[PDB]
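A.B. asks: Just passing along the structure, written as C-alpha coordinates.
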Amino acid sequence: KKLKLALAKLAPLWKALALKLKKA
(Lines give C-alpha, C1' and ligand atoms only; values in the text may rest on other atoms or scores of the structure.)
Protein backbone atom coordinates (compact mmCIF):
# COMPACT_ATOMS: atom_id res chain seq x y z
CA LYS A 1 0.00 0.00 0.00
CA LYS A 2 2.22 2.83 1.28
CA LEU A 3 4.91 2.51 -1.40
CA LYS A 4 3.14 1.78 -4.68
CA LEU A 5 -0.37 3.26 -4.42
CA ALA A 6 1.29 6.29 -2.85
CA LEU A 7 3.62 6.63 -5.82
CA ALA A 8 2.40 9.19 -8.38
CA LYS A 9 -1.00 8.71 -6.71
CA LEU A 10 -2.96 7.48 -9.73
CA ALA A 11 0.24 6.49 -11.55
CA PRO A 12 -0.35 8.74 -14.63
CA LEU A 13 2.47 7.01 -16.51
CA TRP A 14 0.61 3.70 -16.33
CA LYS A 15 -2.48 5.49 -17.58
CA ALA A 16 -0.84 7.20 -20.55
CA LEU A 17 0.88 4.06 -21.83
CA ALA A 18 -2.24 2.09 -21.03
CA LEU A 19 -4.11 4.21 -23.58
CA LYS A 20 -2.24 2.55 -26.44
CA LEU A 21 -2.20 -0.84 -24.70
CA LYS A 22 -6.00 -0.62 -24.55
CA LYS A 23 -6.10 -0.11 -28.32
CA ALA A 24 -3.23 -1.82 -30.14
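Naming works like this for the C-alpha coordinates: A, B, ... for the chains as they're shown, residue 1 at the start of each chain, ligands 1 onward in shown order.
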When DSSP is applied to the backbone of this structure, which of chain A are assigned alpha helix (DSSP H)? Write them out as a ChimeraX atom specification.

C.D. replies: /A:13-21

A.B. asks: Grab the residues selected above and save them as a PDB file, in the first residue's frame with N, CA, C and O atoms.

C.D. replies:
ATOM      1  N   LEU A  13       1.640   7.654 -15.496  1.00  0.00           N
ATOM      2  CA  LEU A  13       2.469   7.008 -16.507  1.00  0.00           C
ATOM      3  C   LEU A  13       1.844   5.694 -16.961  1.00  0.00           C
ATOM      4  O   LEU A  13       1.871   5.354 -18.143  1.00  0.00           O
ATOM      5  N   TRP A  14       1.243   4.979 -16.021  1.00  0.00           N
ATOM      6  CA  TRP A  14       0.614   3.703 -16.325  1.00  0.00           C
ATOM      7  C   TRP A  14      -0.811   3.905 -16.828  1.00  0.00           C
ATOM      8  O   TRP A  14      -1.545   2.945 -17.053  1.00  0.00           O
ATOM      9  N   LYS A  15      -1.198   5.158 -16.990  1.00  0.00           N
ATOM     10  CA  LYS A  15      -2.483   5.487 -17.583  1.00  0.00           C
ATOM     11  C   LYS A  15      -2.277   5.971 -19.011  1.00  0.00           C
ATOM     12  O   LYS A  15      -3.092   5.707 -19.894  1.00  0.00           O
ATOM     13  N   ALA A  16      -1.168   6.665 -19.231  1.00  0.00           N
ATOM     14  CA  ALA A  16      -0.841   7.198 -20.547  1.00  0.00           C
ATOM     15  C   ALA A  16      -0.400   6.095 -21.503  1.00  0.00           C
ATOM     16  O   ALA A  16      -0.796   6.082 -22.666  1.00  0.00           O
ATOM     17  N   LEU A  17       0.405   5.161 -21.008  1.00  0.00           N
ATOM     18  CA  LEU A  17       0.881   4.060 -21.833  1.00  0.00           C
ATOM     19  C   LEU A  17      -0.208   3.012 -21.969  1.00  0.00           C
ATOM     20  O   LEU A  17      -0.224   2.227 -22.920  1.00  0.00           O
ATOM     21  N   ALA A  18      -1.135   3.022 -21.020  1.00  0.00           N
ATOM     22  CA  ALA A  18      -2.245   2.090 -21.034  1.00  0.00           C
ATOM     23  C   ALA A  18      -3.252   2.463 -22.113  1.00  0.00           C
ATOM     24  O   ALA A  18      -4.029   1.625 -22.560  1.00  0.00           O
ATOM     25  N   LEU A  19      -3.229   3.729 -22.526  1.00  0.00           N
ATOM     26  CA  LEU A  19      -4.114   4.208 -23.582  1.00  0.00           C
ATOM     27  C   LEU A  19      -3.866   3.441 -24.876  1.00  0.00           C
ATOM     28  O   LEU A  19      -4.806   2.998 -25.534  1.00  0.00           O
ATOM     29  N   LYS A  20      -2.597   3.267 -25.225  1.00  0.00           N
ATOM     30  CA  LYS A  20      -2.241   2.552 -26.444  1.00  0.00           C
ATOM     31  C   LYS A  20      -2.412   1.054 -26.244  1.00  0.00           C
ATOM     32  O   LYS A  20      -2.845   0.346 -27.150  1.00  0.00           O
ATOM     33  N   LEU A  21      -2.085   0.583 -25.043  1.00  0.00           N
ATOM     34  CA  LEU A  21      -2.202  -0.835 -24.702  1.00  0.00           C
ATOM     35  C   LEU A  21      -3.661  -1.291 -24.767  1.00  0.00           C
ATOM     36  O   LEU A  21      -3.953  -2.460 -25.020  1.00  0.00           O
TER      37      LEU A  21
END
